[PDB]
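Comments concern the structure below.
Cβ atoms come from the backbone with ideal geometry, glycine included; neighbour counts cover every protein chain shown. Values in this text are rule-based calculations from the coordinates and carry no lab data.
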Amino acid sequence: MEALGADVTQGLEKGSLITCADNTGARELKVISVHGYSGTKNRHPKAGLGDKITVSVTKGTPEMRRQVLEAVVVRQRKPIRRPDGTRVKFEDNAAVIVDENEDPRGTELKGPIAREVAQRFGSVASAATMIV
Amino acid sequence: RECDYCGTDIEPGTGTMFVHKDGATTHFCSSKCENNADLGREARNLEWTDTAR
Amino acid sequence: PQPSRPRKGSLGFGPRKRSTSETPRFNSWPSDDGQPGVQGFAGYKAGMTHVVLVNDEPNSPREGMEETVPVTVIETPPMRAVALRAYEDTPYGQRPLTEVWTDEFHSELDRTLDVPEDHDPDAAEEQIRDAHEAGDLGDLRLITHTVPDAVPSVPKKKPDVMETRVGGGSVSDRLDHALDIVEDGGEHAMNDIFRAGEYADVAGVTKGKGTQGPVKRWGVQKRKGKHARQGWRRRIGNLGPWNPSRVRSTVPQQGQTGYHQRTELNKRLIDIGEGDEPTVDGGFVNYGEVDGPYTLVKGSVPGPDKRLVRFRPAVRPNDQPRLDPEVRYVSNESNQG
RNA sequence: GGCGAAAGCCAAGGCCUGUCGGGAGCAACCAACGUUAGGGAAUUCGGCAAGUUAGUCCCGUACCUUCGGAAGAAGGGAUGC
RNA sequence: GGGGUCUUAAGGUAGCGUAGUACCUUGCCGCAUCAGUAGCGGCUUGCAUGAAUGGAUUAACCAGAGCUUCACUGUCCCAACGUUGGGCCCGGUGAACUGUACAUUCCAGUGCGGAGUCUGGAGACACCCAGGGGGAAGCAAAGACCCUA
RNA sequence: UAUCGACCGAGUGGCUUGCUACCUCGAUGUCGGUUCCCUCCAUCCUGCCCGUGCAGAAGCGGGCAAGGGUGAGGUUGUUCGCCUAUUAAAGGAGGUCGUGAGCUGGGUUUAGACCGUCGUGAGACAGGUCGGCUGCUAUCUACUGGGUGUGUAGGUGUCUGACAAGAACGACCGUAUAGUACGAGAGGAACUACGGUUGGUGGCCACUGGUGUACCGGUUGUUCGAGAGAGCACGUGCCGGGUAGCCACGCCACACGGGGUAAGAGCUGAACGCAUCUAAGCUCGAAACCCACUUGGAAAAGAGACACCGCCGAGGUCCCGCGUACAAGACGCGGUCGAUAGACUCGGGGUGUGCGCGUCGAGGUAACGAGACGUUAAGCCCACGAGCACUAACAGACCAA
Ligand SMILES: [Cl-]
Ligand SMILES: [K+]
Ligand SMILES: [Mg+2]
Ligand SMILES: [Mg+2]
Ligand SMILES: [Mg+2]
Ligand SMILES: [Mg+2]
Ligand SMILES: [Mg+2]
Ligand SMILES: [Mg+2]
Ligand SMILES: [Mg+2]
Ligand SMILES: [Mg+2]
Ligand SMILES: [Mg+2]
Ligand SMILES: [Mg+2]
Ligand SMILES: [Mg+2]
Ligand code: NA
Ligand code: NA
Ligand code: NA
Ligand code: NA
Ligand code: NA
Ligand SMILES: [Sr+2]
Ligand SMILES: [Sr+2]
Ligand SMILES: [Sr+2]
Ligand SMILES: [Sr+2]
Ligand SMILES: [Sr+2]
Ligand SMILES: [Sr+2]
Ligand SMILES: [Sr+2]
Ligand SMILES: [Sr+2]
Ligand SMILES: [Sr+2]
Ligand SMILES: [Sr+2]
Ligand SMILES: [Sr+2]
Ligand SMILES: [Sr+2]
Ligand SMILES: [Sr+2]
Ligand SMILES: [Sr+2]
Ligand SMILES: [Sr+2]
Ligand SMILES: [Sr+2]
Ligand SMILES: [Sr+2]
Ligand SMILES: [Sr+2]
Ligand SMILES: [Sr+2]
Ligand SMILES: [Sr+2]
Ligand SMILES: [Sr+2]
Ligand SMILES: [Sr+2]
């Protein structure tokens, strides 16, 4: 994938529960897999700000629940490092559901988004209200 | 740049930026400021802050 | 069916014993290309700080932007090249042929070796040139020593001596270059060998950590869950199978960890200068204040502060040199905090 | 002190005899502990081990039931000087 | 069991049922999970349920067996730092287990087919400290399994 | 004969199962897992190739090839297997079905108990079920690290390199190439140049993070009459902050190219006038082999080389102050021709505003009064740096060709 432009300390793992920062009808998402990741023995596959992950819907409308979908991590609590050394972290961990072509499935995004995510999923960033 | 908490200049290539739920952005010079800020303390009420002084 | 997994630690840095010489000994030198010139230098480690740099990678999206970079401050005062030792090629590799010395020696070189009182710089030079005529001349190296007296933060006065190969054009022009450097008094500087922005390999004896177990020393796991409570917290599963009935040297075991020699490839030289611009408020913790010839190496350098480190023109660089990076800022903030 | 023959602290009284000591910021490793960012049972046969909760007052309390119970259900609020 | 009685007197009623009883078996359908040889509900032809050899069912009770959820957490990702007592060095005190002999081994082979000791090579200067335990088919108890008397 | 492939026939392995009863009954602990190390190739991925029912993209099949990789999860004790999402791929096998003087103890397989079936009964079951223990101070050998001696045969310093170890590097995604070649279209490459991620590796601590029973502060109970200042509440009563140091969750570094080959593509070329990649010869060509790179390495018995100093004195030991070192030993630095350690003072840091006094303070006749402000960027403290010979590195003993 295109370089992020920041170093990331994965703050999530397979099994983590996170917020669904959009209006698709999904309130809570469970991380199942990390697109393009291969770990090592005994290591829980990790995910962080910027990754594309497969997720299952834990909380939300009946129609969305239990569905296995792709998403993009947009916010995380564990800090990330920017070129100038400054660290950046968020209030929560969030991901926006996205389709086969990486376009957000929902119409609106809720909450801020790391500018770095724009360097990959521009269509996601160009639906963001606030880009930090 | 100034630390949004105590108000001192922030040593370049240093500090952290906390991104609030609503989008607000708070630059912290040190862990100490973030931690006092978590205890719900107001920079003004602490005599050791440039803000207070 | 037991998942696969790489072995714990590398089998290429052993045996993991204590180093023989606290002073590093390169085991390879750069290629003979440019004009003649000494292929290495040395200094003493002081500590780290960071710097703000203008990205200069032509292929980077951030080219021209501020970028903070960690840096290790190395005090690098001038050294003395006291002799020109020549090697001859023999059926058993290279062997020291003879050496050419000077008269003017640092006032305290008499703390390490027995300074020469009666020497013959020509009888030697002649032997060397005769050898070169016969075509039995292997490379030429300069016996080199530091002047820790120029460094107040370092308690020692007793110089550190090391051989440094001379590389360059033709062996003849090279031999003459070497001889001139020595004859003088030997004195030379980091400037003479390096330019800021070039890549250098840094060698040094890592920090010592005494004896340590398999976990820290080899990176083996700690017993997990219930296994961590029955009496074995950080002891490997087994020393080996039933057969072969013996313990292979490859199974991770406790022992000396640290104080080994390591040669760290491609370290970018951010800036060469002199003075006290890179010192830190309050002084570098466990070292002192810098105010003299110094070097800023990008990243880390093996060994604790005060340890002698060695420089050498990168032998296997991966990038082309981007000379004289633009240093917009150099932190002087106290390291205590 | 507190509900208390509870804890904790302290008298009267007893003791330094749950009787080998001296050294090394005192390494590895072990016993028994403290603290750990983000994630939060992914560990394991199994949440084993640890932890969470916690005293008291007010509000409030489901299914089921042998009408006794369930019940401190759950849930919420208060608490010093 | 056979057929639309036969054995051996009767021929399984009410229940319950893949059971702590169901071999086949992870039975089939459903719930729950990203995925559930589990658990629960239903079906049920029950290899081989069933009425004081008690059946069914059941509030309360339980350091009894299994399952799920919320909360929490170094159980784990993945380990780190620290505390106390040991460990290590020194004075003093001072055992035991074990011992055919020899013994610096290693890779192969051979041999009663599982060798430090045989064969052929390889390696090997001696002694000491600390370590975790690969081997001595380690030490411990004339195998309790199995057969024989 | 792209691909699939019956019958029948010939084999190799020693992974399954069976047979045998050679070894062991004065004991070789069982399944599964786990942890840690080596290996095999009948190759799942990665590299290089051939064929195609090969346009392309992608498949399918075959060849060389064991450098590296082959992961996370749901039921089940499971091995196995079924299932889910990731993946370049999530290959199989050997090591006493590697691994219990390493762990676990869920299954098996004692003594308790229930069910079904069988038995007149005791009781049984190659059925199910709940419960049910894991000893030992390492003598030798083995290896990981550390020392003392002897040999080579006065000392200091620098080297050499026989050999030895390495995966020190493996893999992926993305961009330009390019919506291009190819193709009606749909679809859709590559060489090469770049950016990044992942797994592995070595190191480091400016940054972020953890710790930090140094330290500073808040505060509960109780004891010292109150105040001040303290002890105890387990090796901090509890709580907040946290320097150094150590750390990872942080940060830095880990080629390019040569050489020789395999499969394969070829040249020249005969036997065989032609043909023929092969027989002699030659040009190429794999993540594999060698080198390059890193680490060890004068005990390499051919026991090494160089330079200087010294043989009445070079150098070393003891001693003393110490740590860039450390379990003993070892290693490194300084020793008045001195900043080696401490005191002191600055600096740089940690806490967070001291004792006392003054004013204010709901009230209360008053006494009394939780607390607020000022004095006070205060007080207290520092495993760091600098200055500084004040104190202590003194005095001095010895070996030595
Ligand atoms: Cl996954
Ligand atoms: K036996
Ligand atoms: Mg595992
Ligand atoms: Mg610091
Ligand atoms: Mg800081
Ligand atoms: Mg598991
Ligand atoms: Mg009856
Ligand atoms: Mg017998
Ligand atoms: Mg093959
Ligand atoms: Mg076995
Ligand atoms: Mg064993
Ligand atoms: Mg055992
Ligand atoms: Mg034992
Ligand atoms: Na009382
Ligand atoms: Na096993
Ligand atoms: Na391979
Ligand atoms: Na499984
Ligand atoms: Na066995
Ligand atoms: Sr195994
Ligand atoms: Sr070498
Ligand atoms: Sr046990
Ligand atoms: Sr054996
Ligand atoms: Sr008393
Ligand atoms: Sr006594
Ligand atoms: Sr703390
Ligand atoms: Sr669980
Ligand atoms: Sr599980
Ligand atoms: Sr409550
Ligand atoms: Sr031991
Ligand atoms: Sr082969
Ligand atoms: Sr392939
Ligand atoms: Sr099965
Ligand atoms: Sr068991
Ligand atoms: Sr001899
Ligand atoms: Sr592309
Ligand atoms: Sr198209
Ligand atoms: Sr205490
Ligand atoms: Sr409490
Ligand atoms: Sr060929
Ligand atoms: Sr020698």
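Here is a check on your reading of the model: is C:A81 under 30 Å from C:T279 (Cα atoms) and crowded, with 19+ Cβ neighbours inside 10 Å?
Values: under 30 Å from C:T279 (Cα atoms): yes; crowded, with 19+ Cβ neighbours inside 10 Å: yes.
For C:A81, the condition - under 30 Å from C:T279 (Cα atoms) and crowded, with 19+ Cβ neighbours inside 10 Å - is met.
Out of C:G9, C:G47, C:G14, which single residue is under 30 Å from C:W218 (Cβ atoms), in a strand (DSSP E or B) and more than 14 Å from chain B (Cβ to nearest Cβ)?
Working: C:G9 fails: in a strand (DSSP E or B); C:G14 fails: in a strand (DSSP E or B).
After ruling out the rest, the residue left standing is C:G47.
Can you pull out every residue in the range B:1-43 that is more than 14 Å from chain C (Cβ to nearest Cβ), in contact (Cβ under 8 Å) with a residue 40 or more places away in the chain and either surrounded by fewer than 18 Cβ atoms within 10 Å (Cβ to Cβ) or aliphatic (A, V, I, L, M) (or both)?
B:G7, the sole residue that qualifies.
Residues that are polar (S, T, N, Q): find the strands (runs of 3 or more DSSP E) completely inside the range C:222-337 holding 1 or more of those. Show your work before the answer.
Working: elements: C:255-258, C:261-275, C:292-298, C:308-313, C:327-330.
Here the list reads C:255-258, C:261-275, C:292-298.
It is to be established whether one or more residues within the range C:94-115 are more than 24 Å from the chain's Cα centre (by Cα), within 14 Å of chain B (Cβ to nearest Cβ) and assigned to a loop (DSSP other than H, G, I, E, B).
no
More than 29 Å from C:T23 (Cα to Cα), assigned to a helix (DSSP H, G or I) and out of contact with any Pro (no Cβ under 7 Å at 6 or more places or on another chain): does that describe C:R129? Please lay out each step first, then the result.
Details: more than 29 Å from C:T23 (Cα to Cα): yes; assigned to a helix (DSSP H, G or I): yes; out of contact with any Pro (no Cβ under 7 Å at 6 or more places or on another chain): yes.
So C:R129 passes the test.
Does C:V220 meet the test of being closer than 30 Å to C:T20 by Cα, within 14 Å of chain A (Cβ to nearest Cβ) and more than 16 Å from ligand 4 (Cβ to nearest atom)? Working first, answer last.
Working: closer than 30 Å to C:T20 by Cα: yes; within 14 Å of chain A (Cβ to nearest Cβ): yes; more than 16 Å from ligand 4 (Cβ to nearest atom): yes.
When the stated conditions are applied, C:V220 passes them.
Out of the residues in the range C:186-221 that are assigned to a loop (DSSP other than H, G, I, E, B) and more than 30 Å from C:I270 (Cβ to Cβ), state the one that is nearest to the chain's Cα centre (by Cα). Reasoning before the result, please.
The first filter runs over the range C:186-221 and keeps only residues assigned to a loop (DSSP other than H, G, I, E, B), leaving C:186-187, C:189, C:194-198, C:206-207, C:213, C:219-221.
Next, only the ones that are more than 30 Å from C:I270 (Cβ to Cβ) stay: C:213, C:219-221.
Details: C:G213: 27, C:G219: 25, C:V220: 29, C:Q221: 32 Å.
Residue satisfying both the conditions and the ranking: C:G219.
Quick check: anything in the range C:245-258 more than 20 Å from A:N42 (Cβ to Cβ), loosely packed, with under 10 Cβ neighbours inside 10 Å, within 34 Å of the chain's Cα centre (by Cα) and not acidic (D, E)?
Residues of the range C:245-258 that are more than 20 Å from A:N42 (Cβ to Cβ), as a first pass: C:245-250, C:253-258.
In the following step, the residues that additionally are loosely packed, with under 10 Cβ neighbours inside 10 Å were identified as C:245-246, C:248-249.
From what's left, within 34 Å of the chain's Cα centre (by Cα): C:248-249.
Of the ones still in play, those that are also not acidic (D, E) are C:248-249.
Yes, the range C:245-258 contains a residue that is more than 20 Å from A:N42 (Cβ to Cβ), loosely packed, with under 10 Cβ neighbours inside 10 Å, within 34 Å of the chain's Cα centre (by Cα) and not acidic (D, E).
So, in the range A:44-80, how many residues would count as being surrounded by fewer than 19 Cβ atoms within 10 Å (Cβ to Cβ), within 14 Å of chain B (Cβ to nearest Cβ) and more than 8 Å from RNA strand F (Cβ to nearest atom)?
1
Any residue that is within 27 Å of C:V285 (Cβ to Cβ) and within 14 Å of chain B (Cβ to nearest Cβ) - is there at least one of those in the range C:53-65? Outline the logic, then answer.
Applying the first criterion (within 27 Å of C:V285 (Cβ to Cβ)) to the range C:53-65 yields C:53.
Keeping just the survivors that are within 14 Å of chain B (Cβ to nearest Cβ) gives C:53.
Yes, the range C:53-65 contains a residue that is within 27 Å of C:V285 (Cβ to Cβ) and within 14 Å of chain B (Cβ to nearest Cβ).
For the range C:11-37, give me the residue count where each residue is more than 30 Å from C:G288 (Cα to Cα) and touching a strand residue (DSSP E or B) at 6+ places or on another chain (Cβ under 9 Å).
From the range C:11-37, those more than 30 Å from C:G288 (Cα to Cα) are C:11-17, C:27-37; that's our starting set.
From the residues that got through so far, the ones that are touching a strand residue (DSSP E or B) at 6+ places or on another chain (Cβ under 9 Å) too are C:13, C:15-17, C:27-34, C:36-37.
Counting residues in the range C:11-37 that are more than 30 Å from C:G288 (Cα to Cα) and touching a strand residue (DSSP E or B) at 6+ places or on another chain (Cβ under 9 Å) gives 14.
Return the residues of the range A:81-109 that are more than 10 Å from every other protein chain (Cβ to nearest Cβ), touching a residue at least 24 places away in the same chain (Cβ under 8 Å) and charged (D, E, K, R); say none if nothing qualifies.
A:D99, A:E100, A:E102, A:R105, A:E108
So which residues in the range C:259-302 are of a type in the set (A, V, I, L, M, F, W, C) and closer than 14 Å to C:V71 by Cα? Steps first, answer last, please.
Keep residues of the range C:259-302 that are of a type in the set (A, V, I, L, M, F, W, C), which gives C:265, C:269-270, C:272, C:280, C:284-285, C:290, C:296-297, C:301.
If the condition is that a residue be of a type in the set (A, V, I, L, M, F, W, C) and closer than 14 Å to C:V71 by Cα, then C:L269, C:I270, C:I272, C:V280, C:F284, C:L296, C:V297, C:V301 are the ones that fit.
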